[PDB]
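Engineer: Quick one: the structure is below, and I'll ask about it shortly.
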Amino acid sequence: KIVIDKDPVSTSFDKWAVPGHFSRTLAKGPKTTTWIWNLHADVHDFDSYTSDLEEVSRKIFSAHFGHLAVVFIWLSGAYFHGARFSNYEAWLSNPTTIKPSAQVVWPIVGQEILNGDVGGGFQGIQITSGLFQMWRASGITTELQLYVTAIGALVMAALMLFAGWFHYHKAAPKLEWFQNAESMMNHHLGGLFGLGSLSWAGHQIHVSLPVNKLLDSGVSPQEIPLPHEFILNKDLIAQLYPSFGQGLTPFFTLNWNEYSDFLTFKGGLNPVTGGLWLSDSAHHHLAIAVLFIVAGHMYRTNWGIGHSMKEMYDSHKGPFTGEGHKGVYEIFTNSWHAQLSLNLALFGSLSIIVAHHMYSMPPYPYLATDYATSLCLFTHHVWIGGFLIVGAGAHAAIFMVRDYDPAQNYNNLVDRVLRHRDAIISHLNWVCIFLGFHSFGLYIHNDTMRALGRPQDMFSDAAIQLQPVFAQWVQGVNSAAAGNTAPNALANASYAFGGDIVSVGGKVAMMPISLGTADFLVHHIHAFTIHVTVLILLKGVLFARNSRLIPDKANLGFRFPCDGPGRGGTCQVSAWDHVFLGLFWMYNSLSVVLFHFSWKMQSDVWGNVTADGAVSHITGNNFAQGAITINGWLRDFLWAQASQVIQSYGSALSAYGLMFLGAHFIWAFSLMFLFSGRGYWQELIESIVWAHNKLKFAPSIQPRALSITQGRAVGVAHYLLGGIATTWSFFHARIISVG
Amino acid sequence: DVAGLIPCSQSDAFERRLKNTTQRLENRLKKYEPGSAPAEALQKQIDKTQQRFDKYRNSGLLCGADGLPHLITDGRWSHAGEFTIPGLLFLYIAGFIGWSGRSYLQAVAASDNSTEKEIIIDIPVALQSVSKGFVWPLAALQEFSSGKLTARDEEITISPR
Amino acid sequence: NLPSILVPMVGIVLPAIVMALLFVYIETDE
Amino acid sequence: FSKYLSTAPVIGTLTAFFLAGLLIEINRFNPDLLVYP
Amino acid sequence: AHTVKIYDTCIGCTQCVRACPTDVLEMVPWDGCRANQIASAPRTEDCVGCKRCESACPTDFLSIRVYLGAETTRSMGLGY
Amino acid sequence: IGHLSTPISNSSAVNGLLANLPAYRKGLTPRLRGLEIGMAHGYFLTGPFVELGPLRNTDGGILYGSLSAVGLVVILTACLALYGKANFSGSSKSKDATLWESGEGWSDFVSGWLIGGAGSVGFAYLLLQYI
Amino acid sequence: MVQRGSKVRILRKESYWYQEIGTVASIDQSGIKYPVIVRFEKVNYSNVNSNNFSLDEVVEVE
Amino acid sequence: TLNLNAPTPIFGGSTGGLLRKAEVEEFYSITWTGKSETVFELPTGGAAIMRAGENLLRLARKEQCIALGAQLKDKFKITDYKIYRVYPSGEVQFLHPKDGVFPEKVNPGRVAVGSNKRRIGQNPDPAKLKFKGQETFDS
Ligand code: CLA
Ligand code: CLA
Ligand code: CLA
Ligand SMILES: CC1=C(/C=C/C(C)=C/C=C/C(C)=C/C=C/C=C(C)/C=C/C=C(C)/C=C/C2=C(C)CCCC2(C)C)C(C)(C)CCC1
Ligand SMILES: CC1=C(/C=C/C(C)=C/C=C/C(C)=C\C=C\C=C(C)\C=C\C=C(C)\C=C\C2=C(C)CCCC2(C)C)C(C)(C)CCC1
Ligand SMILES: CC1=C(C/C=C(\C)CCC[C@H](C)CCC[C@H](C)CCCC(C)C)C(=O)c2ccccc2C1=O
Ligand code: SF4
Ligand code: SF4
């Protein structure tokens, strides 16, 4: 059922004149300067000022359209700067030697030294986004195709921007149109995920596979026929994988084995590009489509058949767990934040799975040899994903403060976790200290054993071994599945578990990543630092409403600094302040994950291959005996590999060296807000409003210091901005110079 | 020659800063086609260095052992262009920004809702203040002499003592 | 020779004594 | 909308866009100005 | 326990009293007019020192003041 | 009710081990129950020292590792004496009057921990260097 | 004698608006201590614009 | 009085409630009448069900009894909650309301405890009260 309201909000500029028009407090004017910071803080928190759930849900619906517009604007500039300001045409003739570049820099004061000698007859910034390997996989061979995709993204940006205006100002849906979760699950599975992978498989068969088999034979990118000419000329598409002369009659007579040349299960890497087979990916997304299309025929609608998700939570209950999932459907169809928490949890968890599945199984042609690209694609989506996981524990905590109800949650699975939250936290408290000692202390032992002249007393491969036998067995059962348990696969799922080396040009595309004692040490660092990040965020989620210290913590809100200096001191008790503390621990967790990545790949995986078959890696396999100590993590990783970000002045890498020191500055600038407190600066300002009153010009908006909760936010923003951009600059200027 | 600094027209090290700069770019020009678009991008880059160095020789700057132009701020009138002449150029522009926003807030505060007029900028009142800001060394002198530039310490808000 | 005797006394034995002496002094009461 | 343009962030950005682009055009035609000649 | 003092600038608004999470304060008859009310602190042994009271006082610079003192089981807010 | 009721709580397969350990057992005196705790703890404490030590391929690795194990028992004899002087200041009474609630026999517990501790350290030295 | 609506300056040193100009809202016509209610254009840290003062803490700047 | 024993609500839970401090010194009890069978959050976790009762709940701190007592007056409008503190292992019966009237309401018969007959700017210097038993804030 579809019920729509006609014109609830007029399209005027009368409220553009008034900042803070939406709430009763902010629509009075600023008496202080905290009003400026209070304005931008809760604009997009629609639940606070509008107390009508129908009104909040329309604001959320049109906001996603406006966010869809700015991604299409970003997608057009990704394509327009690929067409006009790039060497993409000469890159298709030589993807190995010519480096992927865009973003020509203007001839002004000296930043035209950033337009470096990148390949062919071009001068620009070498990009590490993977757009050149993505457009080659999509089939794009000319910049005319890149031009219309930039125009096609701008009209899609205006269509999303028109749909956001229309679905709030003109034709706004009711509340019951948003609460139809079973129809929305049916439609996104079939339409968005099924037809999206069905029609992209239609692109991959008709467009990507014809031009890429002609690229692997290597005639020329200009001699390759146009992608619409593989639709008209049926004799031309019958020249390569000759199963197109039979048409769709193998599809409708169920003789699908005739498509075994462009819908394969080859399962590995191309020996001429170093990417996944596009025939594998064409057969992939077709099977992903049929799995997703039938999955959208699962949930009930107004035609009788199907499952209802409310009746799957009723009668999923045990004797251990009381009422079971009774009440969760009334939570998830009424709480926008409990939806946002779980959607941010598995969108960020997926983004780390994307990063882990793309360096081991490189999907794009000439992506694995570009060491400048595959490392930044890993470190991007790990950082992007881990930020969303902190937003999962953020918005799960906002569910407890305002969207939780004691009446609906009685003896269900939300209530039973709230009744043993001391059992969960203290057992999580123990396992962090257990993993902190028994992973990090094995470096402190190894620093001390190496310093005291005792290399036979540490944890190493020439010492007391801690071998990863539970992972080396999984390295054995996944590398021996070609022909045994996945029999129709020609090779394994990847070359990471075990197999041969694949060499495109002179460099390793993929090789067996062997695990040892040094890999046992870092993998328990990761499990430690992840478990502390769970420990802060779950403590904020569970104790969001109350505790032994403050039993009325939900009456003060999700976001407040403290409840005073009493009870010994209650500073950072809020559910907000656990997200603020978890952002650093996410920074600590993810930055050693990428330091594990950037050193394991350079030492044991990436490198050059001679004509005889011997491999010479980048840093020379020094992860095994170096990464077991903190000193080796400092001397042979952070000191030695930062020699190209500091010797970058006077070359095209100079802006990374400026960003290297530029982020060391802002990281330290964050500690001005983190270590300090507001009441110092408020009295320092009291002498500065004195000298502005002395010469008779003090502003009527009274100057105030930042709030306690804001000064925590200003500090945690510049800590992450100064910390990640240091790692952004160190990673970029290293692998551009070495890979 | 005020601190052992030879002028840059006679500095042999300042000439060798020219020689390796155009050698790093003519070697950067050796790989490209002579008529290409990165060819004219480096030739315009080389000629920017030639307009850099020939400007610095004739300007009367002082080059040391490394061969870089040094500035002498004790202010002498033979070296007034280093700090003294751009110093007076700064203070007028900085005082124009200062006396405009000070006179803007005095005009705004004697109104009905002065707080909203710090959000919204009254373009008549703002352009009235930039007219009062161009004459700031003459306007502040008569504002100080008449006594309405400063308040007494019994009119300012003051902490407990 | 006397280093080999003295540095486990004030390194191990004597801190064990004064920590024992301070801990009973803290938790005594009237 | 002209009332909206007098609000502090948008009027504070386009003059910051103007005062930047003044210095961008000045350094474009007049490069490498250490001292006053 | 903490000490909570009430100064003579109280306007009997009752806001402090209604802010206290442990019921340390109450309104009592004033003898300076026999009409208005002043805040009082008869149960300071239960004061946790949260300072919620002062944050509710409307007067420009507090009429009720909490000076943190000797800590006890009650004042430290322990359930243990 | 104050305490939570899980289906695995108050299980006799778990509670039966508690009431028959030498810390909750009904018939034991503090000299006997400290002798049983020390004989179990000293027996496995010489475990990690003789195969994880600064000297392990020596004459020598079993004797010096067992010397470190009795070194911990005489350290923990002091901590059991230090905990006794602090927590039992005049043997402070309570509602239950166990060994652990009010002390009343605590000097026999600390001595019994030392005999059973240093004995079973030396007993397990006999089973590794000999036997 | 200060009437309502008159401009005063505050002599109370612990106040936020000490040595600053405010206008009287009202005077309480009884023997209540601090009856002079002054309303100020500037807000304090608690964002309130009014306070009670005595006659000895206000003057008659007019 | 306390009317112990009274029926504890139908709860069964909360690890986070009433540990060894309660049996040695000073735990608390709140007694109210719930005129319905509704579910209500606890200071420990959240549910029980309010009885018809004579309802009674043993809590750890006086803070938690007022934080629960504020909830019964806000959500369920039952303002007859009666907090207590126990006998021999506790200290003082009938903590709130001490005069039978809620402390936000004025009641004749109460005495001004902790009053200062001045402002805070009239408080003397700490150097004036150095090496003395007098306090800077006390009158
Ligand atoms: C273009 C015609 C137009 C006009 C005149 C209006 C007018 C209005 N809208 Mg509507 N609306 C429009 C189009 C329009 N809208 C579009 C295109 C969308 C989809 C995004 C919406 C979705 C929408 C929602 C959900 C809501 C409104 C609301 C409003 C009312 C108040 C908004 C306001 O004053 O803040 C003016 C806001 C701005 C000037 C900022 C614009 C922010 C843009 C969209 C994104 C900026 C991101 C950008 C990338 C910057 C990032 C940083 C940068 C450095 C990269 C006002 C009547 C509100 C309302 O009616 O409340 C009762 C309300 O809740 N509008
Ligand atoms: C935070 C913003 C952000 C930004 C700026 C980028 C930027 C980029 N992404 Mg990444 N991405 C992000 C977040 C972001 N990502 C997150 C959170 C995820 C997890 C969902 C991904 C998943 C992802 C994939 C799988 C790929 C990229 C790729 C890229 C690069 C190419 C740009 C492109 O248009 O590819 C266009 C995207 C594709 C060609 C692949 C899309 C296929 C996925 C599986 C579709 C999933 C859509 C679906 C709605 C999301 C899952 C919902 C589910 C949880 C219910 C560019 C560096 C591509 C790359 O690596 O280039 C070399 C690439 O293959 N991204
Ligand atoms: C490098 C600086 C540093 C270190 C060492 C720590 C250490 C710790 N943090 Mg902290 N943290 C830090 C920075 C640091 N943090 C910063 C900057 C923030 C601000 C955002 C925080 C915010 C934070 C939060 C929010 C939390 C932690 C927690 C923890 C503890 C985790 C459990 C554990 O590993 O225990 C084991 C201890 C170690 C591994 C430390 C090294 C010990 C060595 C290896 C052994 C000692 C040798 C020897 C015996 C020492 C004494 C010798 C002498 C007596 C003779 C651990 C003590 C968590 C916690 O308490 O969980 C229970 C927790 O929730 N931290
Ligand atoms: C696995 C497992 C388990 C087990 C573990 C344990 C518990 C063990 C331990 C054990 C132990 C821990 C044992 C002990 C033993 C003891 C002994 C063996 C002793 C002996 C000693 C001796 C015999 C000595 C004597 C002496 C003395 C006393 C003095 C004088 C002299 C002499 C020297 C003679 C359980 C069941 C939990 C469960 C399941 C799993
Ligand atoms: C010459 C020279 C020099 C020296 C310098 C000096 C030594 C100076 C001093 C100076 C000083 C020692 C000063 C003082 C001052 C003080 C005062 C007292 C001031 C005041 C001011 C005012 C009052 C201001 C006002 C204004 C204006 C005018 C405008 C804008 C606004 C405003 C308000 C800011 C040198 C060697 C470096 C170099 C060479 C040259
Ligand atoms: C430095 C610091 C301050 C002082 C910082 C303040 C008040 C921020 C003010 C700085 C901004 C940049 C003032 C911006 C003024 C105008 C917006 C400038 C406009 C200019 C236009 C041309 C755009 C705190 O208030 C604080 C509070 C709590 C914990 C730590 C701290 C802390 O560390
Ligand atoms: S002390 Fe403050 S809150 Fe309490 S009655 Fe007086 S003015 Fe009101
Ligand atoms: S400090 Fe807290 S508990 Fe004590 S009187 Fe003030 S508000 Fe009440």
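Letters A, B, ... mark the chains of the structure tokens in the order given; residue numbers begin at 1 per chain; ligand numbers begin at 1, in order shown.
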Set the cut-off to 7 Å, count only C-alpha atoms and all ligand atoms, and list whatever residues fall near ligand 2 as a CSV table (one decimal) with N, CA and C atoms, in the first residue's frame.
Structural biologist:
chain,number,residue,atom,x,y,z
A,75,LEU,N,31.2,11.1,-8.4
A,75,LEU,CA,31.5,10.1,-9.5
A,75,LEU,C,31.7,10.7,-10.8
A,129,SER,N,43.9,5.4,-6.8
A,129,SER,CA,42.5,5.1,-6.6
A,129,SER,C,42.0,3.8,-7.3
A,130,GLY,N,42.8,3.3,-8.2
A,130,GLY,CA,42.4,2.1,-9.0
A,130,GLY,C,41.3,2.4,-10.0
A,131,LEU,N,41.1,3.6,-10.4
A,131,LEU,CA,40.1,4.0,-11.4
A,131,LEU,C,40.5,3.5,-12.8
A,133,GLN,N,42.4,0.8,-13.5
A,133,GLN,CA,42.2,-0.7,-13.6
A,133,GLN,C,40.7,-1.0,-13.5
A,134,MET,N,39.9,-0.1,-12.9
A,134,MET,CA,38.4,-0.4,-12.8
A,134,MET,C,37.7,-0.1,-14.2
A,346,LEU,N,27.5,-3.9,9.9
A,346,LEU,CA,27.8,-4.8,8.8
A,346,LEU,C,28.1,-4.1,7.5
A,347,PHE,N,28.0,-2.7,7.4
A,347,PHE,CA,28.6,-2.0,6.3
A,347,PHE,C,30.0,-1.7,6.5
A,348,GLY,N,30.4,-1.5,7.7
A,348,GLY,CA,31.8,-1.3,8.1
A,348,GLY,C,32.6,-2.6,8.2
A,350,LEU,N,31.8,-5.2,6.4
A,350,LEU,CA,31.9,-5.6,5.0
A,350,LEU,C,33.1,-4.9,4.3
A,351,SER,N,33.4,-3.6,4.6
A,351,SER,CA,34.4,-2.9,4.0
A,351,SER,C,35.8,-3.4,4.3
A,354,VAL,N,36.0,-6.5,2.0
A,354,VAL,CA,36.3,-6.0,0.7
A,354,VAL,C,37.9,-5.8,0.6
A,364,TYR,N,40.8,-6.6,-10.7
A,364,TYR,CA,41.0,-5.7,-11.8
A,364,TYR,C,42.3,-6.0,-12.5
A,377,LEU,N,44.2,0.8,-1.6
A,377,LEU,CA,42.9,0.3,-1.6
A,377,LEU,C,42.6,-0.6,-0.4
A,381,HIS,N,39.7,1.1,2.7
A,381,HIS,CA,38.5,0.4,3.1
A,381,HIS,C,38.5,-0.2,4.5
A,384,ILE,N,37.9,3.2,6.3
A,384,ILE,CA,36.5,3.5,6.1
A,384,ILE,C,35.6,2.6,6.8
A,385,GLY,N,35.9,1.3,6.8
A,385,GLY,CA,35.0,0.3,7.5
A,385,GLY,C,35.1,0.4,9.0
Engineer: Mind checking DSSP for range 54-100 of chain B and telling me the strand (DSSP E or B) residues as a ChimeraX atom specification?
Structural biologist: /B:62-63,69-70
Engineer: If you count only C-alpha atoms and all ligand atoms, which residues end up within 9 Å of ligand 4, as a PDB file with C-alpha atoms, in the first residue's frame?
Structural biologist:
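Result file is part18.pdb:
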ATOM      1  CA  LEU F  35      48.745 -28.195  53.502  1.00  0.00           C
ATOM      2  CA  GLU F  36      46.473 -29.412  50.700  1.00  0.00           C
ATOM      3  CA  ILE F  37      46.432 -26.060  48.872  1.00  0.00           C
ATOM      4  CA  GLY F  38      50.224 -25.855  49.033  1.00  0.00           C
ATOM      5  CA  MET F  39      50.751 -29.426  47.854  1.00  0.00           C
ATOM      6  CA  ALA F  40      48.679 -28.808  44.726  1.00  0.00           C
ATOM      7  CA  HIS F  41      50.023 -25.344  43.913  1.00  0.00           C
ATOM      8  CA  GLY F  42      53.663 -26.203  44.540  1.00  0.00           C
ATOM      9  CA  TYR F  43      53.343 -29.271  42.321  1.00  0.00           C
ATOM     10  CA  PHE F  44      52.525 -27.362  39.131  1.00  0.00           C
ATOM     11  CA  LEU F  45      54.477 -24.170  39.898  1.00  0.00           C
ATOM     12  CA  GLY F 112      50.878 -25.302  56.187  1.00  0.00           C
ATOM     13  CA  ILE F 115      55.404 -27.149  54.140  1.00  0.00           C
ATOM     14  CA  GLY F 116      53.103 -28.455  51.414  1.00  0.00           C
ATOM     15  CA  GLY F 117      54.377 -25.861  48.963  1.00  0.00           C
ATOM     16  CA  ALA F 118      58.111 -26.434  49.405  1.00  0.00           C
ATOM     17  CA  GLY F 119      57.529 -30.170  49.784  1.00  0.00           C
ATOM     18  CA  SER F 120      55.610 -30.657  46.536  1.00  0.00           C
ATOM     19  CA  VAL F 121      58.119 -28.409  44.768  1.00  0.00           C
ATOM     20  CA  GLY F 122      60.802 -30.786  46.012  1.00  0.00           C
ATOM     21  CA  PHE F 123      58.577 -33.814  45.402  1.00  0.00           C
ATOM     22  CA  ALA F 124      58.150 -32.877  41.741  1.00  0.00           C
ATOM     23  CA  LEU F 126      62.283 -35.996  42.390  1.00  0.00           C
TER      24      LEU F 126
END
Engineer: All residues within 6 Å of ligand 5 are required, counting only C-alpha atoms and all ligand atoms; please report them as a list in words.
Structural biologist: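 Listing the residues within 6 Å of ligand 5 gives residues 73, 74, 75, 84, 95, 98, 99 and 140 of chain B.
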Engineer: Would you mind exporting the chosen residues as a compact mmCIF listing (two decimals), in the first residue's frame, restricted to N, CA, C and O atoms?
Structural biologist:
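Listed below is the output, out-v5.txt:
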# COMPACT_ATOMS: atom_id res chain seq x y z
N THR B 73 66.93 43.21 8.94
CA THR B 73 65.90 43.98 9.65
C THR B 73 66.50 44.63 10.89
O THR B 73 66.48 44.10 12.00
N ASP B 74 67.07 45.81 10.67
CA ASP B 74 67.53 46.71 11.72
C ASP B 74 67.14 48.12 11.32
O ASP B 74 67.81 49.10 11.64
N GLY B 75 65.93 48.22 10.77
CA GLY B 75 65.72 48.76 9.44
C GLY B 75 66.58 49.90 8.95
O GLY B 75 66.52 51.01 9.46
N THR B 84 60.64 47.00 5.99
CA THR B 84 60.10 48.30 6.38
C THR B 84 59.00 48.76 5.43
O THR B 84 57.94 49.22 5.88
N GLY B 95 44.96 47.42 9.69
CA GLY B 95 44.17 48.42 10.39
C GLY B 95 42.86 48.74 9.71
O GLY B 95 41.93 49.21 10.37
N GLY B 98 40.72 46.07 10.93
CA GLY B 98 40.45 46.26 12.35
C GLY B 98 39.45 47.37 12.62
O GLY B 98 38.50 47.19 13.38
N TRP B 99 39.64 48.54 11.99
CA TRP B 99 38.75 49.66 12.26
C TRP B 99 37.39 49.49 11.60
O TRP B 99 36.43 50.16 12.01
N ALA B 140 41.37 57.19 14.03
CA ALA B 140 41.73 56.74 15.37
C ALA B 140 42.46 57.81 16.17
O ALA B 140 42.45 57.75 17.41
Engineer: List as a PyMOL selection string the protein and nucleic acid residues near residue 65 in chain E, meaning an atom at most 12 Å away when only C-alpha atoms are counted, but skip any in the same chain fewer than 3 places from it.
Structural biologist: (chain E and resi 2-10+16+25+39-41+49-57+61-62+68) or (chain H and resi 114-116+119-120+137-138)
Engineer: With a distance threshold of 10 Å and counting only C-alpha atoms, extract the residues of chain C near chain F and express them as a list in words.
Structural biologist: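 Output check: residues 16, 17, 19, 20, 21, 23, 24, 25, 26, 27, 28, 29 and 30 of chain C.
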